[PDB]
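Engineer: The file below is data-v4.cif, mmCIF, C-alpha atoms:
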data_input
loop_
_atom_site.group_PDB
_atom_site.id
_atom_site.type_symbol
_atom_site.label_atom_id
_atom_site.label_comp_id
_atom_site.auth_asym_id
_atom_site.auth_seq_id
_atom_site.Cartn_x
_atom_site.Cartn_y
_atom_site.Cartn_z
ATOM 1 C CA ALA K 2 0.000 0.000 0.000
ATOM 2 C CA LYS K 3 2.914 2.267 0.844
ATOM 3 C CA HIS K 4 5.402 0.582 -1.489
ATOM 4 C CA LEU K 5 6.290 1.423 -5.068
ATOM 5 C CA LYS K 6 4.085 -0.303 -7.610
ATOM 6 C CA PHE K 7 4.907 -2.678 -10.470
ATOM 7 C CA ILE K 8 8.055 -4.114 -8.856
ATOM 8 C CA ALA K 9 6.740 -6.805 -6.504
ATOM 9 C CA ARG K 10 5.481 -9.992 -8.159
ATOM 10 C CA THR K 11 5.824 -8.470 -11.637
ATOM 11 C CA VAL K 12 6.835 -10.343 -14.787
ATOM 12 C CA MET K 13 7.735 -8.934 -18.196
ATOM 13 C CA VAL K 14 6.505 -10.619 -21.371
ATOM 14 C CA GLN K 15 8.995 -11.720 -24.042
ATOM 15 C CA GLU K 16 7.969 -11.497 -27.719
ATOM 16 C CA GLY K 17 4.290 -11.420 -26.814
ATOM 17 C CA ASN K 18 4.441 -14.803 -25.053
ATOM 18 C CA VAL K 19 1.792 -13.944 -22.476
ATOM 19 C CA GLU K 20 1.122 -17.543 -21.455
ATOM 20 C CA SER K 21 4.784 -18.250 -20.719
ATOM 21 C CA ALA K 22 4.981 -15.126 -18.552
ATOM 22 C CA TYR K 23 1.817 -16.073 -16.664
ATOM 23 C CA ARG K 24 3.121 -19.584 -16.034
ATOM 24 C CA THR K 25 6.450 -18.176 -14.839
ATOM 25 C CA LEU K 26 4.512 -15.934 -12.448
ATOM 26 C CA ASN K 27 2.588 -18.957 -11.179
ATOM 27 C CA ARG K 28 5.888 -20.788 -10.691
ATOM 28 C CA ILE K 29 7.348 -17.880 -8.716
ATOM 29 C CA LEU K 30 4.271 -17.481 -6.517
ATOM 30 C CA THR K 31 4.243 -21.211 -5.779
ATOM 31 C CA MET K 32 7.977 -21.438 -5.084
ATOM 32 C CA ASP K 33 7.842 -18.492 -2.677
ATOM 33 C CA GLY K 34 4.924 -20.116 -0.836
ATOM 34 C CA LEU K 35 2.481 -17.297 -1.578
ATOM 35 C CA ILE K 36 -0.082 -19.556 -3.267
ATOM 36 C CA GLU K 37 -0.071 -21.911 -0.290
ATOM 37 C CA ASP K 38 -0.370 -18.946 2.081
ATOM 38 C CA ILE K 39 -3.380 -17.547 0.222
ATOM 39 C CA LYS K 40 -5.114 -20.922 0.064
ATOM 40 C CA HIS K 41 -4.453 -21.667 3.746
ATOM 41 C CA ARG K 42 -5.694 -18.235 4.859
ATOM 42 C CA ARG K 43 -9.246 -18.689 3.542
ATOM 43 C CA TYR K 44 -10.332 -20.218 6.869
ATOM 44 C CA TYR K 45 -8.733 -20.049 10.295
ATOM 45 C CA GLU K 46 -6.357 -22.892 11.151
ATOM 46 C CA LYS K 47 -6.243 -23.591 14.867
ATOM 47 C CA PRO K 48 -2.793 -23.288 16.510
ATOM 48 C CA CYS K 49 -2.761 -26.939 17.613
ATOM 49 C CA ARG K 50 -3.723 -28.116 14.126
ATOM 50 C CA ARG K 51 -1.062 -25.852 12.627
ATOM 51 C CA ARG K 52 1.606 -27.271 14.931
ATOM 52 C CA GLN K 53 0.569 -30.847 14.143
ATOM 53 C CA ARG K 54 0.607 -30.167 10.400
ATOM 54 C CA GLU K 55 4.068 -28.600 10.475
ATOM 55 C CA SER K 56 5.442 -31.455 12.581
ATOM 56 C CA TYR K 57 3.967 -34.015 10.184
ATOM 57 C CA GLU K 58 5.346 -32.266 7.105
ATOM 58 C CA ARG K 59 8.823 -31.902 8.603
ATOM 59 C CA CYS K 60 8.959 -35.561 9.614
ATOM 60 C CA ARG K 61 7.603 -36.718 6.247
ATOM 61 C CA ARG K 62 10.241 -34.709 4.391
ATOM 62 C CA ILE K 63 13.022 -36.111 6.580
ATOM 63 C CA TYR K 64 11.793 -39.686 6.155
ATOM 64 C CA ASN K 65 11.441 -39.336 2.384
ATOM 65 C CA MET K 66 14.941 -37.889 2.098
ATOM 66 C CA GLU K 67 16.379 -40.781 4.106
ATOM 67 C CA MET K 68 14.526 -43.394 2.045
ATOM 68 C CA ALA K 69 15.673 -41.762 -1.193
ATOM 69 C CA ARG K 70 19.258 -41.750 0.070
ATOM 70 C CA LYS K 71 18.998 -45.444 0.956
ATOM 71 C CA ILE K 72 17.655 -46.384 -2.476
ATOM 72 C CA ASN K 73 20.286 -44.269 -4.231
ATOM 73 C CA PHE K 74 22.986 -45.974 -2.165
ATOM 74 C CA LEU K 75 21.691 -49.480 -2.927
ATOM 75 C CA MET K 76 21.144 -48.768 -6.636
ATOM 76 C CA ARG K 77 24.890 -49.148 -7.174
ATOM 77 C CA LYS K 78 24.643 -52.925 -6.733
ATOM 78 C CA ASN K 79 21.883 -53.086 -9.387
ATOM 79 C CA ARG K 80 23.759 -54.275 -12.469
ATOM 80 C CA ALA K 81 24.348 -57.363 -14.586
ATOM 81 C CA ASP K 82 25.177 -60.493 -12.613
ATOM 82 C CA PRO K 83 28.978 -61.043 -12.672
ATOM 83 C CA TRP K 84 28.922 -64.622 -11.290
ATOM 84 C CA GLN K 85 26.071 -66.037 -13.358
ATOM 85 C CA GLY K 86 25.589 -69.772 -12.913
ATOM 86 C CA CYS K 87 27.487 -70.048 -9.628
ATOM 87 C CA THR H 68 5.615 -103.681 -4.175
ATOM 88 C CA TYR H 69 8.307 -105.495 -6.176
ATOM 89 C CA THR H 70 11.161 -106.776 -4.029
ATOM 90 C CA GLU H 71 14.560 -107.235 -5.643
ATOM 91 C CA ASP H 72 14.304 -111.030 -5.353
ATOM 92 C CA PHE H 73 11.111 -110.878 -7.419
ATOM 93 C CA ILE H 74 12.887 -108.860 -10.112
ATOM 94 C CA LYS H 75 15.794 -111.321 -10.075
ATOM 95 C CA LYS H 76 13.461 -114.273 -10.596
ATOM 96 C CA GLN H 77 11.733 -112.347 -13.387
ATOM 97 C CA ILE H 78 15.103 -111.761 -15.071
ATOM 98 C CA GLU H 79 15.927 -115.468 -14.923
ATOM 99 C CA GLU H 80 12.491 -116.345 -16.297
ATOM 100 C CA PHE H 81 12.919 -113.883 -19.154
ATOM 101 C CA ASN H 82 16.296 -115.354 -20.087
ATOM 102 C CA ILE H 83 14.893 -118.885 -20.172
ATOM 103 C CA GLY H 84 11.843 -117.700 -22.111
ATOM 104 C CA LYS H 85 14.122 -115.973 -24.610
ATOM 105 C CA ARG H 86 15.998 -119.220 -25.196
ATOM 106 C CA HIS H 87 12.666 -121.038 -25.598
ATOM 107 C CA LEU H 88 11.424 -118.470 -28.115
ATOM 108 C CA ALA H 89 14.647 -118.729 -30.106
ATOM 109 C CA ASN H 90 14.197 -122.505 -30.082
ATOM 110 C CA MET H 91 10.617 -122.144 -31.331
ATOM 111 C CA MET H 92 11.451 -119.765 -34.166
ATOM 112 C CA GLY H 93 14.501 -121.739 -35.302
ATOM 113 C CA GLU H 94 16.863 -118.842 -34.610
ATOM 114 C CA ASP H 95 20.188 -119.040 -32.800
ATOM 115 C CA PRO H 96 19.564 -118.227 -29.101
ATOM 116 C CA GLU H 97 22.927 -116.469 -28.763
ATOM 117 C CA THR H 98 22.298 -113.640 -31.256
ATOM 118 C CA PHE H 99 18.547 -113.504 -30.618
ATOM 119 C CA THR H 100 17.636 -109.852 -30.040
ATOM 120 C CA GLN H 101 14.757 -107.763 -28.728
ATOM 121 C CA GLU H 102 13.637 -106.861 -32.252
ATOM 122 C CA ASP H 103 13.586 -110.588 -32.997
ATOM 123 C CA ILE H 104 11.562 -111.172 -29.824
ATOM 124 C CA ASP H 105 9.062 -108.526 -30.916
ATOM 125 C CA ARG H 106 8.753 -109.997 -34.411
ATOM 126 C CA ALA H 107 8.327 -113.532 -33.077
ATOM 127 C CA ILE H 108 5.710 -112.507 -30.516
ATOM 128 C CA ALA H 109 3.847 -110.572 -33.209
ATOM 129 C CA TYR H 110 3.796 -113.660 -35.433
ATOM 130 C CA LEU H 111 2.917 -116.225 -32.766
ATOM 131 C CA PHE H 112 0.224 -114.093 -31.066
ATOM 132 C CA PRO H 113 -1.364 -111.953 -33.796
ATOM 133 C CA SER H 114 -3.334 -109.057 -32.358
ATOM 134 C CA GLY H 115 -4.693 -106.135 -34.353
ATOM 135 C CA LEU H 116 -5.810 -104.126 -31.326
ATOM 136 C CA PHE H 117 -5.275 -100.474 -32.175
ATOM 137 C CA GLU H 118 -3.605 -99.784 -28.823
ATOM 138 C CA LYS H 119 0.005 -100.921 -29.223
ATOM 139 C CA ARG H 120 0.196 -101.319 -25.434
ATOM 140 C CA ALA H 121 -2.811 -103.670 -25.300
ATOM 141 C CA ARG H 122 -1.012 -106.157 -27.596
ATOM 142 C CA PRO H 123 1.055 -109.077 -26.267
ATOM 143 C CA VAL H 124 4.526 -108.042 -25.126
ATOM 144 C CA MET H 125 7.638 -110.011 -24.106
ATOM 145 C CA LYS H 126 10.016 -107.398 -22.678
ATOM 146 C CA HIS H 127 12.961 -107.479 -20.317
ATOM 147 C CA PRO H 128 11.801 -107.196 -16.675
ATOM 148 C CA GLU H 129 13.981 -104.101 -16.287
ATOM 149 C CA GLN H 130 12.035 -102.341 -19.035
ATOM 150 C CA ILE H 131 8.545 -103.483 -18.051
ATOM 151 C CA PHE H 132 8.690 -103.030 -14.272
ATOM 152 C CA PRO H 133 9.372 -99.539 -12.848
ATOM 153 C CA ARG H 134 12.727 -98.485 -11.377
ATOM 154 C CA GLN H 135 13.955 -97.541 -7.913
ATOM 155 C CA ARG H 136 16.527 -95.219 -6.339
ATOM 156 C CA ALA H 137 20.302 -95.605 -6.467
ATOM 157 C CA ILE H 138 22.697 -95.992 -3.551
ATOM 158 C CA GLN H 139 24.334 -92.647 -2.760
ATOM 159 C CA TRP H 140 26.801 -93.870 -0.117
ATOM 160 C CA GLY H 141 28.675 -97.045 0.754
ATOM 161 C CA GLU H 142 28.903 -99.055 3.949
ATOM 162 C CA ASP H 143 31.436 -96.621 5.429
ATOM 163 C CA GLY H 144 28.735 -93.944 5.106
ATOM 164 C CA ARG H 145 30.684 -91.514 2.925
ATOM 165 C CA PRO H 146 28.694 -90.154 -0.045
ATOM 166 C CA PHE H 147 30.204 -90.837 -3.454
ATOM 167 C CA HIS H 148 29.591 -87.374 -4.943
ATOM 168 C CA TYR H 149 31.324 -84.277 -3.598
ATOM 169 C CA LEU H 150 28.116 -82.218 -4.008
ATOM 170 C CA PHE H 151 25.942 -84.750 -2.184
ATOM 171 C CA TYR H 152 24.847 -82.534 0.698
ATOM 172 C CA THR H 153 23.281 -80.011 -1.679
ATOM 173 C CA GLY H 154 20.579 -82.620 -2.298
ATOM 174 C CA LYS H 155 20.766 -81.840 -6.028
ATOM 175 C CA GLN H 156 24.165 -83.352 -6.776
ATOM 176 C CA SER H 157 23.424 -84.039 -10.452
ATOM 177 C CA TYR H 158 21.954 -80.613 -11.216
ATOM 178 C CA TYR H 159 24.642 -78.654 -9.386
ATOM 179 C CA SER H 160 27.376 -80.841 -10.861
ATOM 180 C CA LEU H 161 26.012 -79.946 -14.298
ATOM 181 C CA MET H 162 25.907 -76.242 -13.424
ATOM 182 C CA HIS H 163 29.473 -76.434 -12.098
ATOM 183 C CA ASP H 164 30.647 -78.075 -15.326
ATOM 184 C CA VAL H 165 28.923 -75.441 -17.464
ATOM 185 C CA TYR H 166 30.427 -72.622 -15.398
ATOM 186 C CA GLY H 167 33.892 -74.122 -15.798
ATOM 187 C CA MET H 168 33.411 -74.324 -19.562
ATOM 188 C CA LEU H 169 32.354 -70.670 -19.617
ATOM 189 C CA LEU H 170 35.425 -69.745 -17.555
ATOM 190 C CA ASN H 171 37.696 -71.543 -20.012
ATOM 191 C CA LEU H 172 36.176 -69.673 -22.953
ATOM 192 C CA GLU H 173 36.331 -66.344 -21.104
ATOM 193 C CA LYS H 174 40.039 -67.031 -20.683
ATOM 194 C CA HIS H 175 40.155 -67.764 -24.422
ATOM 195 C CA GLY H 196 15.394 -77.051 -36.511
ATOM 196 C CA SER H 197 15.929 -77.958 -32.867
ATOM 197 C CA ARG H 198 14.352 -77.359 -29.468
#
Could you rewrite the structure in this file as structure tokens?
Structural biologist:
Amino acid sequence: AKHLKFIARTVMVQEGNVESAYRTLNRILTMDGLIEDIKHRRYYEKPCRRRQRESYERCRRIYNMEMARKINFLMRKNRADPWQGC
Amino acid sequence: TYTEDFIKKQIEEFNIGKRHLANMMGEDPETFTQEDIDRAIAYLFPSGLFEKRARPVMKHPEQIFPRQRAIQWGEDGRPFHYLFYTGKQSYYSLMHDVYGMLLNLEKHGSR
């Protein structure tokens, strides 16, 4: 309201590619978390529910990262059998 | 169940019957063969039954009666084959042989 206009969340169009600019804007707003903020702010989220959700998301991310690391570590053995027959 | 003594007596009976059949057909008992036995039994006992297994047959007792296991160890108890304790000594012996052949080469219409 008190800031200068047409700098925040503003995208320029290249060679009249309006759709590409709009999709880049959507990408930026999603990557900065603004889309999630707007969607979550439609109704009030109780503090206990908020805390539970953040704990769940943090733990899920950690667990997924660890599982991915395990699979990437054990993918090295996945190759052609070198002692076929015996 | 067919005890080994039964099979032994059957073998003796087949040998004597073979000599009798060679006597009957005028052939020399020494060189008398299984094809000759089949021909003679087809002549003496003509049967046009379509089923070849329902026709008269004079076969060696080994062929006609089923078979049994083989001894895998002697009186001392030691198994003969070095892969005995796998329980699949023949199969794993074959696989071992094939793998050795592949190793040698690595160093170097039908079904």
Engineer: Which residues match the PyMOL selection byres ((chain K) within 10 of (chain H)) in the file above, as a tab-separated table (two decimals) with C-alpha atoms, keeping the file's coordinate frame?
Structural biologist:
chain	number	residue	atom	x	y	z
K	84	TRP	CA	28.92	-64.62	-11.29
K	85	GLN	CA	26.07	-66.04	-13.36
K	86	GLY	CA	25.59	-69.77	-12.91
K	87	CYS	CA	27.49	-70.05	-9.63
Engineer: Please measure the separation of CA of residue 151 in chain H and CA of residue 138 in chain H, giving the value in Å to one decimal.
Structural biologist: 11.8 Å
Engineer: Report, in Å to a single decimal, how far apart CA of residue 130 in chain H and CA of residue 160 in chain H are.
Structural biologist: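 The value is 27.6 Å.
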Engineer: By how many Å are CA of residue 53 in chain K and CA of residue 66 in chain K apart?
Structural biologist: 20.0 Å
Engineer: Any chance you could resolve the PyMOL selection byres ((chain H and resi 87-94) around 12) against this file and give the residues as a list in words?
Structural biologist: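 Applied to this file, the PyMOL selection byres ((chain H and resi 87-94) around 12) returns residues 80, 81, 82, 83, 84, 85, 86, 95, 96, 97, 98, 99, 100, 101, 103, 104, 105, 106, 107, 108, 109, 110, 111 and 125 of chain H.
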Engineer: Written as JSON, numbers by chain, what is the full residue list that the PyMOL selection byres ((chain H and resi 72-76) around 12) yields on the file shown?
Structural biologist: {"H": [68, 69, 70, 71, 77, 78, 79, 80, 81, 82, 83, 127, 128, 129, 130, 131, 132, 133, 134, 135]}
Engineer: When you count all atoms listed in the file, which of these residues is closest to residue 10 in chain K: K:33, K:58, K:38, K:46?
Structural biologist: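 Of K:33, K:58, K:38, K:46, the one nearest residue 10 in chain K is K:33, counting all atoms listed in the file.
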